[PDB]
Structures are given as C-alpha cells and as structure tokens.
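Below is one structure, written out as structure tokens; comments come after it.
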Amino acid sequence: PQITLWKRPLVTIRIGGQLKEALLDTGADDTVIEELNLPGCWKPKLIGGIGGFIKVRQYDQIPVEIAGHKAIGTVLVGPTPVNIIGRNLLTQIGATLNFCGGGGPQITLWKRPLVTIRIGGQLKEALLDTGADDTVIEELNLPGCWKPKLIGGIXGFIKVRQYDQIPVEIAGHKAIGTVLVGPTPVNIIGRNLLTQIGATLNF
C-alpha cells in the first residue's frame, strides 16, 4: 500500500503466532518489540535512541508478517516505548520513502535515510524518521522566542526548546513548522515536516 504521514504509520503485524501493532519507522535500524516470549534462542544486546540506551534480547531469523507482507529477520525484544518496525525488515518488504507521492526522489532503506536540510541559514544532515512525530535538530543558536518541551524515545526523555514557524528546506523542498532544538544524537525530520513535502511510505 501507500501510506501517508498525517497520522502515525501504525500497522498490524503477526509475530510468534500473535498479533501486535507497530510503527513503520524509517529512523530505526532495527525492529524492536515490547517484552513478550519468542520461541527460539536469544542473545543480550544494547540499543539506543533519543534518550539513551536500553537492554534488549536479540532473536534472529524470526518470521514476521507486516500488514500481510512476509519477512524473516532479527527482532529485538525489550522495554521499548512503542513497537517499531525498522529498516532491517522494511527492506525485506520492499518499503521505500517517496516524495510528492512518487513524483519526487525515491529513497530506499538499505542505509539510514540521511538528507541535506537548510535551517536558520545553515545546511545540516538529518534522518527522515517516519517514527518521529516532531522534528528535532542538534543544538543550534536559533534566534527567536521558544517554549520548553520534553520529548521521549528509547532511553527516555530530553529537554528541548520548541520554536514555531521555522522555515526548513529538505532536499530542496520548502517546509515551515515547529522545530525542537536540543541534544539529539542525530538531526531528525519528523512527520510534522514530512507531510509538508508529500512524503509517503510505499510497498
């Protein structure tokens, strides 16, 4: 299907014979699901996100059906805030990011979807993250007024400054909206701006 980004791209998945809801997340390398039992052997791993690191169980070669498309691959199980399908399985189901409904650039998900953006007169690299509601940019001396905010992901919450009506050009496409500024490990373009550039998921 083709999925737009006005709402979270939540889908039903089948894993270990059970149904779960999960977010299609182009900003995730891996697939992470809330605590559950999976048949098979696992190994301990740590993974990170906006707020720090969590401990997970890594299960390899697990069949997962994602809105009716089959994948077989690595699933990490642990205390993630949201079940997420990451690039390791998005690539298996042939999911791509597409601008302006397919008229614009197509971005495959074999590697992190990093693009050039312009904000505040500065050029930066940022990750297109369908699993992010908001856009979070590395510490940058943006002029203007702001309001404090906390935002969360794997690892917990960070404090940021919320600026409104900030122009952001993404891969040459103009957008304007809310930007959150703080100590994010990677600059993230979230759905609030991805929708403005007509970005969709397709598979």
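Just the heavy atoms: all of them, side chains too, but no hydrogens, waters or symmetry mates, feed the values below. Throughout, numbering of the chain's residues begins at 1 and tracks the sequence.
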- Query: Given the rule in the side chain to side chain contact (heavy atoms under 4.5 Å, CB included) test, do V115 and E125 qualify, once you have shown the distances and angles that lead to the verdict?
  - Reply: CA-CA 5 Å; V115 299; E125 186 165 75; over 6 Å; no
Nearest heavy-atom contact between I154 and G48 is CG2-C, 3.9 Å
Notebook entry, point to check: Between the main-chain N or O of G40 and the side-chain N or O of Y59, is there a donor-acceptor pair closer than 3.5 Å?
Noted result: no
Shortest non-hydrogen pair, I50 vs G152, comes out as CG2-C, 3.7 Å
Of all heavy-atom pairs linking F99 and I170, the shortest is CE2-O, 4.1 Å
Of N83, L89, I33, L19, the one forming a side chain to side chain contact (heavy atoms under 4.5 Å, CB included) with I13 is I33
In terms of heavy-atom contacts, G51 and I158 come closest through CA-CG2, 4.3 Å
Exercise for the section: Start with the C-alpha distance between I15 and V75, add both sets of side-chain angles, then the distance that settles side chain to side chain contact (heavy atoms under 4.5 Å, CB included), and finish with yes or no. Expected result: CA-CA 10 Å; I15 178 170; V75 177; 3.8 Å; yes
So CD1 of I189 and OG1 of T130: to nearest 0.5 Å the spacing works out to 13.0 Å
Output side-chain donor-acceptor pairs under 3.5 Å for residues 194-203, partner residues at least two apart or in another chain, one line each.
unit_1	atom_1	unit_2	atom_2	d
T195	OG1	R191	O	3.0
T195	OG1	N192	O	3.4
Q196	OE1	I176	N	2.9
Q196	NE2	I176	O	2.9
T200	OG1	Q2	NE2	3.3
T200	OG1	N202	OD1	2.7
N202	OD1	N98	ND2	3.0

Rounding to 0.5 Å, atoms CG (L180) and NZ (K147) come to a distance of 10.0 Å
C100 and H173 have their tightest heavy-atom pair at SG-NE2, 3.8 Å
| Sub-3.5 Å donor-acceptor pair from the side chain of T74 to the main-chain atoms of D60, do we have one? | no
CD of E65 to OG1 of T12, rounded to nearest 0.5 Å, is 11.0 Å
Margin query: Could you check whether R112 pairs with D29 (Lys NZ or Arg NE/NH1/NH2 to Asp/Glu carboxylate O, under 4.0 Å)?
Written below: no
Taking every heavy atom of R14 against every heavy atom of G17, the minimum-distance pair comes out as NH1-CA, 4.1 Å
Does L127 belong to the same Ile/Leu/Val/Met/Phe/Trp/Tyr cluster as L23, with side-chain heavy atoms less than 4.5 Å apart forming each link?
-> no
Report yes if the side chains of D129 and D25 come closer than 4.5 Å at any heavy-atom pair, otherwise no.
-> yes
Per side chain to side chain contact (heavy atoms under 4.5 Å, CB included), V181 is matched among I166, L142, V160 by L142
dist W146:CH2 -> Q162:CD (nearest 0.5 Å) comes out at 11.0 Å
Q. Linking I/L/V/M/F/W/Y whenever their side-chain heavy atoms sit closer than 4.5 Å, directly or via other members, would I107 and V168 fall into one cluster?
A. yes
